[PDB]
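> If you read the sequences in order, they're chains A, C and D. Letter by letter, the first sequence follows residues 238 to 334, 360 to 502 of the deposited numbering. Letter by letter, the second sequence follows residues 238 to 334, 362 to 502 of the deposited numbering. Letter by letter, the third sequence follows residues 238 to 334, 362 to 502 of the deposited numbering. By construction, the Cβ of each residue, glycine as well, lies at the ideal position given by its N, Cα and C atoms.
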Amino acid sequence: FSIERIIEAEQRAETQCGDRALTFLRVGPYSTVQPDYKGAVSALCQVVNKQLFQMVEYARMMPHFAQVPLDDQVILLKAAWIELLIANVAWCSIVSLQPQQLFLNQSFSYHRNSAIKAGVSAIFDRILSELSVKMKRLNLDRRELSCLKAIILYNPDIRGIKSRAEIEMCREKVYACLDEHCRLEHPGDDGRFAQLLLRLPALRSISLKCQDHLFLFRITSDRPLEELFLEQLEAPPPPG
Amino acid sequence: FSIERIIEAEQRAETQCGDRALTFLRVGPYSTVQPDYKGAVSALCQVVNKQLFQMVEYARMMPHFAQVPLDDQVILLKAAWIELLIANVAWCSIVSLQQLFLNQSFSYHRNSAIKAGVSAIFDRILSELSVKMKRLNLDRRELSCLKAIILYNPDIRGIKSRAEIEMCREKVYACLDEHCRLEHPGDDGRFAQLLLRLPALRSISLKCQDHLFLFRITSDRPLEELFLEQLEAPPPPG
Amino acid sequence: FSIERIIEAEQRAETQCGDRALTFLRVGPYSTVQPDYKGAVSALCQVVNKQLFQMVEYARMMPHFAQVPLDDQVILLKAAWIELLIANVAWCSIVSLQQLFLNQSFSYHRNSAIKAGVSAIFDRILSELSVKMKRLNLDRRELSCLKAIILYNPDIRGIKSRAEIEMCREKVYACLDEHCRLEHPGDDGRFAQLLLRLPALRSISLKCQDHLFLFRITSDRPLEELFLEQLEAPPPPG
Ligand SMILES: CCCCCCCCCCCCCCCC(=O)OC[C@H](COP(=O)(O)O)OC(=O)CCCCCCCCCCCCCCC
Ligand SMILES: CCCCCCCCCCCCCCCC(=O)OC[C@H](COP(=O)(O)O)OC(=O)CCCCCCCCCCCCCCC
Ligand SMILES: CCCCCCCCCCCCCCCC(=O)OC[C@H](COP(=O)(O)O)OC(=O)CCCCCCCCCCCCCCC
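1. For the beta strand (DSSP E) that contains residue 372/D, what are its first and last residues?
2. Do we get a CB-CB distance below 7 Å when we pair residue 497/C with the residues of chain A?
3. Can a CB atom of chain C be found closer than 7 Å to the CB of residue 441/D?
4. Beta carbon of residue 356/A: closer than 6 Å to some heavy atom of ligand 1?
5. What are the uninterrupted segments assigned as beta strand (DSSP E) that are 3 or more residues long and contained completely in the region 412–447 of chain A, given in chain order?
6. Can you name, in chain order, every residue of its own chain whose Cβ lies under 6 Å from the Cβ of residue 300/D, other than the five neighbours on each side?
7. Would you decide whether residue 271/D is buried or exposed? Buried here means 16 or more other CB atoms lie within 10 Å of its CB.
8. Need the endpoints of the alpha helix (DSSP H) that residue 344/A sits in, please.
9. Assuming contact is defined by CB atoms lying nearer than 7 Å, are residue 259/D and residue 490/D in contact in what I supplied?
10. Hey, would you say the C-beta of residue 475/A is under 6 Å away from at least one heavy atom of ligand 1?
11. Give, in chain order, every residue of the region 304–319 of chain A whose Cβ lies closer than 8 Å to some Cβ of chain C.
12. The beta strand (DSSP E) that contains residue 364/A, what's its start and end?
13. Of the choices 427/C, 332/C, 470/C and 371/C, whose alpha-carbon is the least far from that of residue 280/C?
14. Residue 395/A and residue 334/A look like a contact to me (Cβ under 8 Å); what is the Cβ gap, rounded to whole Å?
15. Less than 6 Å between the CB of residue 379/C and some heavy atom of ligand 2, yes or no?
16. Going by C-alpha distance, which of 310/D, 487/D, 241/D and 385/D is nearest residue 474/D?
17. Would you report the Cα separation of residue 313/A and residue 501/C, rounded to the nearest angstrom?
18. Just checking: is the beta-carbon of residue 428/C within a distance shorter than 7 Å of some beta-carbon in chain A?
19. Looking only at its own chain, which residues have a Cβ that is under 7 Å from the Cβ of residue 331/A, when we skip the five neighbours before and after it?
20. Are there 16 or more other CB atoms within 10 angstroms of the CB of residue 309/D, so buried, or fewer, so exposed?
21. Please report the residue range of the alpha helix (DSSP H) in which residue 286/C lies.
22. Using three-state DSSP, classify residue 482/A as helix, strand or coil.
23. For residue 435/A, which residues in chain C fall below 9 Å Cβ to Cβ?
24. Hey, quick one: how far does the alpha helix (DSSP H) through residue 307/D stretch, first residue to last?
25. Excluding the 5 residues flanking residue 480/A on each side, which residues of the same chain have their C-beta closer than 8 Å to its C-beta?
26. Rounding to the nearest angstrom, what Cα-Cα distance links residue 429/C and residue 417/C in this structure?
27. Taking all protein chains shown into account, decide if residue 295/C is buried (16 or more other Cβ within 10 angstroms of its Cβ) or exposed.
28. Once DSSP output is grouped into helix, strand and coil, what is the label at residue 262/A?
29. Taking 6 Å as the cut-off, does the CB of residue 295/C come closer than this to any heavy atom belonging to ligand 3?
30. Using 7 Å as the limit for Cβ to Cβ distance, is residue 425/C near chain D?
31. Is it buried or exposed for residue 470/D, if we count other Cβ within 10 angstroms and need 16 for buried?
32. So residue 291/D and residue 250/D are supposed to be a Cβ contact under 8 Å. How far apart are they, rounded?
33. So, with DSSP's three-state summary, where would you put residue 269/D?
34. Alpha carbon to alpha carbon, how far is residue 263/D from residue 287/D? Give it in angstroms, no decimals.
35. List, in chain order, every chain C residue whose beta-carbon is nearer than 7 Å to that of residue 492/A.
Have a look at this one:
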């Protein structure tokens, strides 16, 4: 249970899944998307569906995750998926830093004119101003982002969860890891640890608006995400 | 901490205590019992008092139970005893499937409960527990898990080591779920369904307790003391 | 994580820090203190500032204390310090059973407290803590357990690692229970009685705080900072 073990999970999940994807997003005949922009939106859907698949395998390799009861595993993923994805876009969008580019990967990105065009420039802006900019301003490193993402995953306050204690414990061990990293690498500002945590509330708020947009444009599967997560979990991992 | 380490505790407690008994149930002079049946009721008392003694030795062997302060060990037993006993009878009565078993031999017929007024309890034990357990194909490992979950209860007033107790319960959850994923690849809803029996066990168990303080067949000494005394004492064989 | 481990921390922190101090108490220019009584009060300040330094090193050595985030470490020390100091004076003063001891040799007579206007605190420390501890035959090892229970407080606002801290407190409970029923038999109610001293300690401790602020003999710098700075620095030889 170390930052290194958490890093390994992220990295391996990102390279061993190939093109496998959890198809939750997709444009159907009831989507509020103009016909001329279906190709574009569906491309965005394929990207997210692949990151979702990877996310599941990521959690599968996270310390203790596979041990909590399956029902708990499903709830944890349902509660943190959007925040985990947005944290990754915030980090990839640090390369080209009012910001004009939002990266989902290293080779797939949007300019602000397209957001404005799609009518989602407000969420485009706060992602870059409230997360990317402040992370850069803080000199956030890859190790600190991994810690923040784990803190998110290990959430014991979700309704319905069985193993709250076990989950809170994992979270606290990540706190300890994060603080040590702070102590070791940034002994000069004792306020760093707290500042890094301040990004979490902004991540949650932005993440909630994203979900609202998803429901509004109706590009989600009729099948409940819970089922999709449960099915991948009950299945073996890909060749990796 | 494994379904098998919990199984070992139950099994050993059931065979190594002999006829040793924790005397809580008793038929005395002030007891509201039909002298025409005092013998019968006192026989029921002896059975329960032996299962109570066994229960204490069971808990003594459960992972970490003997580590929390003694006051907490006493509170845990006082809160779970009836539910633990009734879980064992519900499991046994599955065999009959109007007969309720307390042992793998000692039983009681419907017509026996209608007499003492406890026909309601009799009915729901078989109705909500035995039948549904059978219907679910409940196995011994799962009953052991349900009973452990009951024992490790952190929400009781007065408890000191809540975190440890909860941590214990959660490890049993992890064991129960695994058992499911392995011996029931299918139905992902099994785990939760099994847990649904707990509320129905608690409710029935509370009724049984109200029907005890109503027959005056309990000791003048508070059960807490009896538990404390057996705990502060050594075990029977090993 | 046993009593021997907790005792070692206290003892070593008490002898390896030499004359170092964390200057939280000072007779500043804004102290409502009368000029004539400055040397005496400042002497009291130096004593407390040395015990504060030692306290930090004590915590730094306590099981798991150092791995939780600094911020939590800071909050724990800020909430516990006064109670930890007063627990030590209660124990010391036991010898005079008149006099209130801060050390095995630093002490005050009721008259001193009389003219300083703090005879109220003076009396309940000896009365509610020292006397009752003596009356209970409280031993050093046990005083260590009570002090750990105090340190490991998970209910403070702002704390991050509540679970881990609670787990630490509960392990001390088990230690205290084990010790208590082994060296002070003849009373299963001892454990609960020993814990009753905590609320008294907290109440008295809150009043002591009130006197500090009223008089204004505290540093212009927030104690949080002073704790954070000693924690972030290396320990003395130890
Ligand atoms: C992985 C995290 C992704 C976060 C990215 C958010 C920034 C938004 C990106 C801009 C999208 C441009 C699409 C191009 C189509 C276009 O120009 O579209 C242009 C058209 C304009 O048509 P009109 O001008 O005629 O009304 O708009 C549409 O038809 C609506 C497009 C649907 C918008 C879907 C976008 C999803 C909403 C984002 C929040 C959900 C996050 C899900 C991840 C958890
Ligand atoms: C192991 C848990 C036990 C769960 C209870 C299931 C057993 C129910 C069967 C009834 C018991 C037969 C007693 C004989 C009565 C009889 O024929 O005797 C018949 C008479 C009825 O009187 P009448 O002759 O006037 O109709 O009953 C009596 O003598 C009155 C005494 C009451 C009997 C005591 C019953 C105990 C209550 C059970 C609750 C125990 C739960 C607490 C432990 C967890
Ligand atoms: C280590 C904990 C110590 C707690 C023991 C309390 C006993 C206090 C003994 C009195 C000290 C006598 C000094 C002689 C000077 C004098 O007569 O003092 C005389 C003057 C009175 O002035 P006047 O006579 O002009 O009204 O008093 C003062 O100057 C104000 C008193 C300041 C002393 C503060 C101590 C109060 C206790 C607060 C608790 C702080 C501990 C917190 C850490 C846990």
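With the given structure in hand:
1. 371–373
2. no
3. yes
4. A break in chain A separates 334 from 360, and the residue in question, residue 356/A, sits inside that break with no coordinates.
5. none
6. 238
7. exposed
8. The residue list of chain A ends a segment at 334 and starts the next at 360, so residue 344/A has no coordinates to report.
9. yes
10. yes
11. 304, 305, 306, 307 and 308
12. 363–365
13. 371/C
14. 7 Å
15. yes
16. 385/D
17. 47 Å
18. no
19. 394, 397 and 398
20. buried
21. 275–298
22. strand
23. None at all; the shortest Cβ gap to chain C is about 14 Å.
24. 307–330
25. 265, 267, 268 and 269
26. 6 Å
27. buried
28. strand
29. no
30. yes
31. exposed
32. 5 Å
33. coil
34. 13 Å
35. 452
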